[PDB]
There are 2 protein chains.
Amino acid sequence: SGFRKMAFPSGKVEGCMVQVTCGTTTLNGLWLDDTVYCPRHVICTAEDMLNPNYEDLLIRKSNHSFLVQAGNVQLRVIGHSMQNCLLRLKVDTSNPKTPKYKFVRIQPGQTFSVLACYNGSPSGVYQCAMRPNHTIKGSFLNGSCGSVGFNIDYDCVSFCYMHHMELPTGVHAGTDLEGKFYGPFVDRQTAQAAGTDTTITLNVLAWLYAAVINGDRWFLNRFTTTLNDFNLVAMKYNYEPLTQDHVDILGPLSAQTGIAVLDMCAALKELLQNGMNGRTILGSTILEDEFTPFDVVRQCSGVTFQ
Amino acid sequence: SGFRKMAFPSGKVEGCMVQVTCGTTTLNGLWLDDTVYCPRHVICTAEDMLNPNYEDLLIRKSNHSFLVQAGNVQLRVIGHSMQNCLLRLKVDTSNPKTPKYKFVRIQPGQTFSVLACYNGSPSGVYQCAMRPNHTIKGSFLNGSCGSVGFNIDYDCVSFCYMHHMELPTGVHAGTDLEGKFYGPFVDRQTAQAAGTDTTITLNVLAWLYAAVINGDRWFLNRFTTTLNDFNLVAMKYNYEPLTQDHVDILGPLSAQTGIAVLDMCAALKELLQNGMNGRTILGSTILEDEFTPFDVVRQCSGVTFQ
Ligand SMILES: *[C@@H](CC(=O)OCC)[C@H](C[C@@H]1CCNC1=O)NC(=O)[C@H](Cc1ccccc1)NC(=O)OC(C)(C)C
Ligand SMILES: *[C@@H](CC(=O)OCC)[C@H](C[C@@H]1CCNC1=O)NC(=O)[C@H](Cc1ccccc1)NC(=O)OC(C)(C)C
């Protein structure tokens with residue numbers, strides 16, 4: 001029993017973290033096989049960030065403009081290319097600790113583990129959701145650029161995020177491992193701001209299922225709703241509209257608890273309208289939206305506490 | 001910026017997890033040098049748990065009564081002893097991935113990372129506090145016994161918890177790595193229940209400091225309090241009494257924010273009495289008590305956002 005924000009074990013990723021230096025700028029990089037990935041802004045000074053031309057900045061560098069350090073060992077750079085907002089540095093050595101891996105672009109609402117790193121040294125690990133507005137509510141200080149986000153399935157690491165910047169509201173933005181930003185953000189100094197965010201309806205519903213599987217039914221009611229009537233309420237409280245696809249995704253959790261999705265929606269509609277009347281759900285006084293249906297199935301018992 | 005429940009990177013611990021089988025019972029064990037640690041209840045059947053005599057159960061076993069599997073490799077047991085509520089199994093091979101390590105008994109209020117494991121295979125990682133009542137609010141299913149809790153300082157792993165059981169309220173109990181239980185619990189089937197718990201005052205105060213360092217001052221006030229007057233309020237709301245030692249511990253956070261401890265206490269007293277008036281602190285609508293002053297210094301900037 002219990003329910004916690006749980007990250008994937010971080011060891012396969014720790015063995016891939018290195019330090020990348022260009023001039024006086026140091027950040028983190030990711031070393032797989034004979035390649036090191038890092039944010040391209042490693043080539044900028046502070047004044048560069050105000051109007052950088054990356055093609056122009058990069059052509060001015062040689063292979064030996066870059067130092068890469070893995071633990072106490074210097075790797076020698078033998079090639080370099082830009083790919084969108086990342087650099088791909090080729091090095092003299094293949095990483096002996098390279099795990100089976102893939103590069104994946106995750107979708108808003110999905111979750112992943114972040115390994116916070118400084119000077120190529122991992123310091124901590126926590127679970128984040130990709131928000132509808134394409135930011136994450138992370139925890140990052142100076143030196144954290146190039147920290148990665150990932151999921152693990154079987155023994156394969158699916159890398160999905162590399163960290164690049166902080167926005168004025170204190171939330172975080174970055175790219176996938178092809179160097180393409182999540183959201184409309186750019187790696188240069190502008191007046192960019194996070195767009196208005198929304199609550200992830202599917203996840204809140206998944207988490208209510210988790211609460212039932214764990215033994216709590218206090219918030220259920222005798223009612224049902226149509227998809228359309230639910231959404232009118234959803235719009236008023238700044239929740240994402242629920243779709244038939246979201247309804248089908250919740251199929252297995254529905255089957256395990258014997259609670260129809262539209263009946264769970266009626267329960268959520270009542271919580272939105274009346275509040276929680278001083279009560280908690282899985283330890284929480286608010287409606288949680290950072291666990292997916294996959295996260296709930298991974299963590300909860302396959303047997304409901306009836 | 002940001003503030004998250006952050007666990008230590010788990011890799012050094014993943015390389016120490018093995019599977020231990022006795023008869024039809026399988027659980028996790030911890031392999032350091034040439035020794036494997038695991039809960040002694042691995043030697044019981046279900047009916048045994050109702051009245052087990054462990055000395056009597058153990059003398060009936062040989063070295064080869066135990067199988068230990070590390071990945072795909074069988075380790076051969078060449079000796080065994082009981083130590084309080086753990087078994088210490090000696091094996092044919094020293095763990096090549098043994099990190100620098102210590103065994104430490106943590107104190108109530110302190111935090112650690114848990115690596116949830118099943119069949120010797122790590123599945124997830126999250127941060128817990130040792131509660132005043134000597135339980136943790138973990139997340140554990142069948143097969144999780146022998147999962148460990150730990151902290152990391154520099155490159156040394158300080159092991160502090162091994163998991164043994166779940167209590168009727170759904171919280172968790174276990175031992176240090178000498179096999180001594182945290183709390184008055186025993187590894188046999190009784191009517192044992194978690195004692196009444198208390199909120200960890202020092203941690204709530206640390207977390208308010210974290211909120212100031214991160215840039216928020218909304219909950220401060222013009223008042224001060226004496227230690228004794230604070231505690232009268234503390235008792236009414238089921239918070240631990242604050243001591244001069246707790247006041248001295250908060251010295252560095254106080255210095256970094258320019259907020260005297262007793263002034264922060266007056267702020268907390270007002271929050272207890274008036275609630276939060278619909279507002280949040282570091283994203284939270286309630287007062288959080290699972291971050292220590294050490295946790296705040298580790299995660300937050302050393303420079304206050306004034
Ligand atoms: C990674 C690199 C770094 O630390 O540079 C300092 C010498 C930075 C990580 C940031 C820092 C605090 N949290 C966090 O997530 N990223 C940055 O500093 C970016 C660089 C950048 C500037 C302009 C456009 C894109 C990227 N800057 C940044 O995040 O701005 C602040 C912190 C001022 C809001
Ligand atoms: C580890 C061993 C196990 O899974 O045995 C099942 C064949 C168990 C971990 C528990 C299970 C659910 N969550 C969790 O933390 N521990 C136990 O099953 C203990 C064994 C025990 C019994 C009596 C006294 C001490 C230890 N039993 C247990 O936790 O009881 C329940 C789950 C019924 C409350």
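First the proteins, then the strands, lettered A, B, ... as listed; each starts at 1. Heavy atoms only: backbone and side chains are in, while hydrogens, waters and symmetry mates are out. Counting starts at 1 for both ligands and their atoms, following the listed order.
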Could you check whether [atom] has a protein contact, counting only heavy atoms that fall below 4.0 angstrom?
| atom | answer |
| --- | --- |
| atom 9 (C) of ligand 1 | yes |
| atom 25 (C) of ligand 2 | yes |
| atom 18 (O) of ligand 1 | no |
| atom 33 (C) of ligand 2 | no |
| atom 29 (O) of ligand 2 | yes |

- Of all the atoms in ligand 2, which lie at a distance below 4.0 Å from a heavy atom belonging to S144(B)? 9 (C)
So which heavy atom in the protein is nearest [atom], and how far is it from that ligand atom?
| atom | answer |
| --- | --- |
| atom 3 (C) of ligand 1 | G143(A) N, 3.8 Å |
| atom 1 (C) of ligand 1 | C145(A) SG, 1.8 Å |
| atom 23 (C) of ligand 2 | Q189(B) NE2, 3.3 Å |
| atom 27 (N) of ligand 2 | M165(B) CB, 4.5 Å |
| atom 11 (C) of ligand 2 | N142(B) OD1, 3.3 Å |

Just by modelled atom types, is the [Y] backbone N or O under 3.5 Å from a matching donor or acceptor in the [X] side chain?
| X | Y | answer |
| --- | --- | --- |
| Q83(A) | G179(A) | no |
| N214(A) | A211(A) | no |
| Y182(A) | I136(A) | no |
| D176(B) | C160(B) | no |

- Message: Using a 6.0 Å distance limit plus a 45 degree cone around the ring axis, check whether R298(A) lies over the aromatic ring of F291(A).
- Response: no
- Is the NZ atom of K61(B) crowded by more than 12 outside heavy atoms at less than 6.0 Å? yes
- Message: Can you tell me if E178(A) has over 12 outside heavy atoms packed within less than 6.0 Å of its CD?
- Response: no
- Message: Regarding ligand 1, does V186(A) bring an N or O atom to under 3.5 Å of one of the ligand's N or O atoms?
- Response: no
- Does the N or O separation between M49(A) and ligand 1 drop below 3.5 Å for any pair? no
Just by distance, no angles: are the side chains of [X] and [Y] close enough, under 3.5 Å, to form a donor-acceptor pair?
| X | Y | answer |
| --- | --- | --- |
| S139(A) | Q299(B) | yes |
| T175(B) | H164(B) | yes |
| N119(A) | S121(A) | no |
| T26(B) | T21(B) | yes |
| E14(B) | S10(B) | yes |

[X] and ligand 2 - part of the residue with a heavy-atom distance under 4.0 Å:
| X | answer |
| --- | --- |
| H172(B) | side chain |
| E166(B) | both |
| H163(B) | side chain |

- Query: Is there at least one pair of N or O atoms, one from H164(B) and one from ligand 2, spaced under 3.5 Å apart?
  - Reply: yes
- With a 4.0 Å cut-off on heavy atoms, is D187(B) touching ligand 2? yes
- Message: Under a 4.0 angstrom heavy-atom cut-off, which atoms of ligand 1 come close to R188(A)?
- Response: 23 (C), 24 (C), 25 (C)
